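Engineer: I'd like to ask you about the structure that follows.
Numbers and lists here come from the model and the stated rules, or from a named source; none is laboratory data. So basically every Cβ, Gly included, is an ideal-geometry build from the backbone, and we count neighbours across all protein chains shown.
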Amino acid sequence: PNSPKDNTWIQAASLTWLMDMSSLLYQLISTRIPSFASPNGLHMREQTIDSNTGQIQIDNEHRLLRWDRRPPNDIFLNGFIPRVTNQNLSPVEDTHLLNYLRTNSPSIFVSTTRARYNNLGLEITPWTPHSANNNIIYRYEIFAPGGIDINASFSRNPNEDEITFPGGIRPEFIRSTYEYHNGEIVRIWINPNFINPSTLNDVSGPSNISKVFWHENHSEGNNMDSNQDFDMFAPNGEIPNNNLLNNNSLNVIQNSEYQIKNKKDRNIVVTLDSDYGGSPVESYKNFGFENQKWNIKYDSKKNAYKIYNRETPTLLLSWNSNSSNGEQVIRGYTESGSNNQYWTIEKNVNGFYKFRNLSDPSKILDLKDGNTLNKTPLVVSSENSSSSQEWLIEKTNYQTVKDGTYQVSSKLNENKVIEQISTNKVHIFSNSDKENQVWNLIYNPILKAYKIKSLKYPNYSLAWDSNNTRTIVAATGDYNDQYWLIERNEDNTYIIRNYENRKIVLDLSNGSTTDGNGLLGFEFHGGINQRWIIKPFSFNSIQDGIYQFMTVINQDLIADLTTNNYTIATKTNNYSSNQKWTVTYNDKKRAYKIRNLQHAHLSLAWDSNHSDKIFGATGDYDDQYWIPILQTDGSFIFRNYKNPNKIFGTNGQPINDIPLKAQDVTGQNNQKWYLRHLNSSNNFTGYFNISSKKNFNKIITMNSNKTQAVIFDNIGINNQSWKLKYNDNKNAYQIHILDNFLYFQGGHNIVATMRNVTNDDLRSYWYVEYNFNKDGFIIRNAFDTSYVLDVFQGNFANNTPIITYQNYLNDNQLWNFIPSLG
């Protein structure tokens, strides 16, 4: 209990797989944090999201900034990716929040700092890096859900405004960045793909500094010098003053392609009926047609705007103020030189823009009688507190998703995913993470559109059989019906709209999520059956290296290559070659061979042709490749590459020497493994107070004579600050204080402290293993691995000896590791 109420705190996560692992992530961050350092636990940011709308709050209160030396060409497309990205997370370092803050050690954490303001709301110098005045630094603006308030979470003498995001932050929460050259701002960058495309003209800075909208591979997009988190580290900055930064020196609309959407019906947008002169400007449901978009160009002298149709560039949004019949209808006309083709655009208190003509500014841009009904002409009319004359001016945004592999799924059931069965057909199916169930989105910069190509058949792409069916197919070649516009919605879903006929979007037939149901190209109405969940997916979930596969139910049991035939069963861990596995990715199979360490020529295999045996097969087969899938509780499930519905587990509860069985996936715990990445770099270094789970204030302490180890009140003495010396060969540590080593004396026996230990003595070595179920580290001996450090009898009186005893996962057997001094 006591973790966050919901995902909110990590919803920004750049590491998207992390978003629905709150409980686990709280646990991991917290074990390393000792009671004293956080009296009331991590405080999460309140208010970041709205509760009348659910959308990200874009006020001063929750404005954040990140100082980064990385350019937009990188950042606006990648967001803030933590220094650590691996799916198999560790509480030792990966998540060690306190250590990252105190060290800037690699971690999954990305920090930011609040913007500062005075009592009157005016912006004041933020926390600022000492290096800031030198070379090329970027100061990113951020509005993101979640984050952790460092200040309200801790007690450690620092940036009182640091706000850390576990998982990083996707670029759609980065709204803008200042680019600095030696202290001087040279350019303000706007991110078109920011989450609220309509607050983009609220970004301010000084005057005579040019605002620019960023695209991928901008000419001026990647200015930079010759870790990434260096500049956002607390002792690399401070608050220099309370000086007023230069701001609010425009409040205009930057030139770019926009859609003017009406406040009465945001589904309806200002449209130019036709290509010729004097053709009316009407309102019509937004289908993202070229004529539903306009190039707004601003004129300094006049402080007014010309609004050019995108579809027909030389036709301007205009009011023929010179017409007879005192007309009040808006039409498209060529540049006549007159002010009746100019508009002043004013932002009302509530965020919306009004459009008044220049030639007569009492004439305002409006829908006819407020009729939102399609084809009703844009008129100009006197001022009303009517909603029809209020408009959103939204910046068009095409590159909505990064390139790479995604698993497209219906909002109706996010388990039901787009699958390419055989080569040309595509249907909806219950997901089981297979290649033909995963798609590769590649944006075309010139088309502003994506090709959605399968992983299983690269020569094919999700297309539209415009010639016949009007069903959804796959096809070779590079035709426009194979290109898709992808529009992010308010509920994070996407409309997948065809490029050829922009009427046609990706529809799940009838709304039927029934296994096999077809996909039409159907006319856009935006129902839930046209909304899709594009979700990043990645076959190389883990890194290559040597592993152990612990069972979720019993972590002391691992996948062990037995001697009885060639079988693999769960057996008590002993750190033997044959219990270790070299796991290696296969570009081509998009899965993993799990080759034994002792007997490399044997790989973890399923006797697919014969039984549900798991054994060490020689050579190579599809049934020897595995797809690890991260589970919300930190464990993995390994789907077999031949029948991905089969995963290796234990038929029920795992005890010593019971064989692994292939089974139909069921989610049960007997199917899930925690991976010990033995090869890894998540090891303890330096000094620690090793306190007990059962009493966080009672810590392993060397007695006066330096003969034994005992439990003791934490009193800050040298016999409590223990050095952990890791040994790469043994995957074990020596835990010592000077020449005095923590030392096995047998099970049931008091743990000695020995001077003079030879380097290979396993009696001086200890495995420190995090238990996920108990949330506490086990300190297990290396000489005889049946025994772990145990506060004798569960008695916490000062001087009770530490003994080694079989592991029962009792509270007196579990341990925390909190940094100290030597």
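Engineer: Under the condition of being in a loop (DSSP other than H, G, I, E, B) and in contact with a helix residue (DSSP H, G or I) (Cβ under 7 Å, 6 or more places away or on another chain), which residue from region 7-40 is surrounded by the fewest Cβ atoms within 10 Å (Cβ to Cβ)?
Structural biologist: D20
Engineer: Then there is this: Considering region 146-161 alone, what residues qualify as being surrounded by fewer than 24 Cβ atoms within 10 Å (Cβ to Cβ) and within 22 Å of the chain's Cα centre (by Cα)? Give the steps one after another, and end with the answer.
Structural biologist: First, pick out the residues of region 146-161 that are surrounded by fewer than 24 Cβ atoms within 10 Å (Cβ to Cβ): 149-161.
Result: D149, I150.
Engineer: Take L789 and decide whether it is outside any strand (DSSP E or B), assigned by CATH to the domain that holds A732 and buried (at least 16 other Cβ atoms within 10 Å of the Cβ).
Structural biologist: No, not satisfied.
Engineer: Which number in (1) within 28 Å of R83 (Cβ to Cβ); (2) touching a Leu at 6+ places or on another chain (Cβ under 6 Å) marks the one condition that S198 misses?
Structural biologist: Going through (1) within 28 Å of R83 (Cβ to Cβ); (2) touching a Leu at 6+ places or on another chain (Cβ under 6 Å) one by one, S198 breaks only (1).
Engineer: Yes or no: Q624 surrounded by fewer than 17 Cβ atoms within 10 Å (Cβ to Cβ) and either out of contact with any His (no Cβ under 7 Å at 6 or more places or on another chain) or assigned by CATH to the domain that holds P106 (or both)?
Structural biologist: When the stated conditions are applied, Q624 does not pass them.
Engineer: Please give the number of the condition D507 fails out of (1) in a strand (DSSP E or B); (2) of a type outside the set (G, A, S); (3) farther than 23 Å from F429 by Cα.
Structural biologist: (3)
Engineer: Could I ask something else about it? Which of the strands (runs of 3 or more DSSP E) contained wholly in region 327-415 include at least 2 residues that are within 30 Å of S538 (Cβ to Cβ) and out of contact with any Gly (no Cβ under 8 Å at 6 or more places or on another chain)? Talk me through it step by step, then tell me what you get.
Structural biologist: Details: elements: 330-333, 343-347, 353-357, 364-367, 378-381, 391-395, 404-406.
Qualifying strands (runs of 3 or more DSSP E): 404-406.
Engineer: Yes or no: region 190-203 includes at least one residue that is surrounded by 18 or more Cβ atoms within 10 Å (Cβ to Cβ), in the same structural domain as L15 (by CATH) and closer than 19 Å to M224 by Cα.
Structural biologist: The answer is yes; a qualifying residue exists.
Engineer: Could you list all residues from region 630-680 that are aliphatic (A, V, I, L, M) and surrounded by 20 or more Cβ atoms within 10 Å (Cβ to Cβ)?
Structural biologist: Residues satisfying the conditions are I637, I647, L660, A662, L675.
Engineer: Step by step: first the residues of region 61-74, then only those that are part of a helix (DSSP H, G or I) and surrounded by fewer than 22 Cβ atoms within 10 Å (Cβ to Cβ), then the one that is nearest to the chain's Cα centre (by Cα). Which residue is that?
Structural biologist: At the first step, the residues of region 61-74 found to be part of a helix (DSSP H, G or I) are 72-74.
If we keep only those that are surrounded by fewer than 22 Cβ atoms within 10 Å (Cβ to Cβ) too, we end up with 73-74.
On the way: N73: 19, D74: 16 Å.
Selected residue: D74.
Engineer: Shifting gears a bit: In region 105-121, what residues are assigned to a loop (DSSP other than H, G, I, E, B) and either of a type in the set (A, V, I, L, M) or within 15 Å of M232 (Cα to Cα) (or both)?
Structural biologist: Hits for region 105-121 are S105, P106, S107, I108, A115, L120.
Engineer: If you check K211 against the conditions, is it surrounded by 14 or more Cβ atoms within 10 Å (Cβ to Cβ), basic (K, R) and out of contact with any helix residue (DSSP H, G or I) (no Cβ under 7 Å at 6 or more places or on another chain)?
Structural biologist: In short, yes.
Engineer: Just to be sure I understand, how many residues within region 416-462 are in a strand (DSSP E or B), more than 30 Å from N217 (Cα to Cα) and of a type outside the set (S, T, Y)?
Structural biologist: Residues of region 416-462 that are in a strand (DSSP E or B), as a first pass: 416-419, 425, 427-430, 439-444, 449-454, 461-462.
Pick out the ones that are also more than 30 Å from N217 (Cα to Cα) and you get 416-419, 425, 427-430.
Within this subset, residues satisfying the condition of being of a type outside the set (S, T, Y) are 416-419, 425, 427-429.
So the count comes out to 8.
For (1) in the same structural domain as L378 (by CATH); (2) aliphatic (A, V, I, L, M); (3) under 30 Å from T125 (Cα atoms), each residue gets a yes or a no:
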| site | (1), (2), (3) |
| --- | --- |
| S249 | no, no, yes |
| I260 | yes, yes, no |
| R266 | yes, no, no |
| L272 | yes, yes, no |
| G288 | yes, no, no |
| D299 | yes, no, no |
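Engineer: Please name all residue pairs, on different chains or six or more residues apart, with Cβ atoms under 9 Å, provided the first residue is in region 645-657 and is assigned to a loop (DSSP other than H, G, I, E, B) and the second residue is exposed (fewer than 15 other Cβ atoms within 10 Å of the Cβ) and acidic (D, E).
Structural biologist: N645/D664
Engineer: When you go through (1) under 29 Å from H130 (Cβ atoms); (2) over 17 Å from the mean Cα position of the chain (by Cα) one by one for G54, which number turns out not to apply?
Structural biologist: (1)
Engineer: Does region 171-214 hold any residues that are β-branched (V, I, T) and in a loop (DSSP other than H, G, I, E, B), and which are they? Steps first, please.
Structural biologist: To start, the set of residues in region 171-214 that are β-branched (V, I, T) comprises 174, 177, 185-186, 188, 190, 195, 199, 203, 209, 212.
Across region 171-214, the qualifying residues are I195, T199, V203, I209.
Engineer: Return the only residue of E390, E414, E346 being under 25 Å from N529 (Cα atoms), among the charged types (D, E, K, R) and out of contact with any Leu (no Cβ under 8 Å at 6 or more places or on another chain).
Structural biologist: Sole residue among the options that is under 25 Å from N529 (Cα atoms), among the charged types (D, E, K, R) and out of contact with any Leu (no Cβ under 8 Å at 6 or more places or on another chain): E414.
Engineer: Specify the residue that is surrounded by the fewest Cβ atoms within 10 Å (Cβ to Cβ); the eligible residues are those in region 75-104 that are in a helix (DSSP H, G or I) and in contact with a strand residue (DSSP E or B) (Cβ under 9 Å, 6 or more places away or on another chain). Lay out the reasoning, then the answer.
Structural biologist: Filtering region 75-104 down to residues in a helix (DSSP H, G or I) leaves 75-78, 97-103.
From what's left, in contact with a strand residue (DSSP E or B) (Cβ under 9 Å, 6 or more places away or on another chain): 75-76, 97-102.
On the way: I75: 26, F76: 28, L97: 23, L98: 18, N99: 17, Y100: 23, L101: 22, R102: 15.
Here the residue is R102.
Engineer: Tally the residues that are touching a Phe, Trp or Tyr at 6+ places or on another chain (Cβ under 7 Å), farther than 20 Å from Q407 by Cβ and either among the aromatic types (F, W, Y) or buried (at least 18 other Cβ atoms within 10 Å of the Cβ) (or both), restricting the search to region 517-547.
Structural biologist: The total comes to 3.
Engineer: Let me ask you something else. Across region 777-822, what is the number of residues that are closer than 19 Å to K571 by Cβ and not basic (K, R)?
Structural biologist: The qualifying residues number 13.
Engineer: Exactly one of these conditions fails for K571: (1) part of a strand (DSSP E or B); (2) under 29 Å from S538 (Cβ atoms). Give me its number.
Structural biologist: Result: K571 fails condition (2) only.
Engineer: Moving on. Of the residues that sit in region 356-393 and are in contact with a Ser or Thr (Cβ under 6 Å, 6 or more places away or on another chain) and either of a type in the set (K, R) or not assigned by CATH to the domain that holds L317 (or both), which one is farthest from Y342 (Cα to Cα)?
Structural biologist: Among them, the one singled out is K368.
Engineer: Please list, ordered by residue number, the strands (runs of 3 or more DSSP E) wholly in region 249-325 having 2 or more residues that are polar (S, T, N, Q).
Structural biologist: Counting at least 2 such residues, we get 256-262, 279-285.
So that you can scan it fast, the table gives a plain yes or no per residue for (1) surrounded by fewer than 19 Cβ atoms within 10 Å (Cβ to Cβ); (2) of a type in the set (S, T, N, Q); (3) over 39 Å from the mean Cα position of the chain (by Cα); (4) in a loop (DSSP other than H, G, I, E, B):
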| position | (1), (2), (3), (4) |
| --- | --- |
| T758 | yes, yes, yes, yes |
| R763 | no, no, yes, no |
| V768 | no, no, no, no |
| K774 | yes, no, no, yes |
| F777 | no, no, no, no |
| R780 | no, no, no, no |
| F783 | yes, no, yes, yes |
| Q793 | yes, yes, yes, no |
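Engineer: Out of the residues in region 607-640 that are acidic (D, E) and in a loop (DSSP other than H, G, I, E, B), state the one that is nearest to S541 (Cα to Cα).
Structural biologist: Within region 607-640, the subset acidic (D, E) is 607, 612, 620, 622-623, 633.
Those still in the list that are in a loop (DSSP other than H, G, I, E, B) too: 607, 612, 620, 633.
Details: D607: 25, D612: 25, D620: 21, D633: 15 Å.
Among residues in region 607-640 that are acidic (D, E) and in a loop (DSSP other than H, G, I, E, B), the one nearest to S541 (Cα to Cα) is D633.
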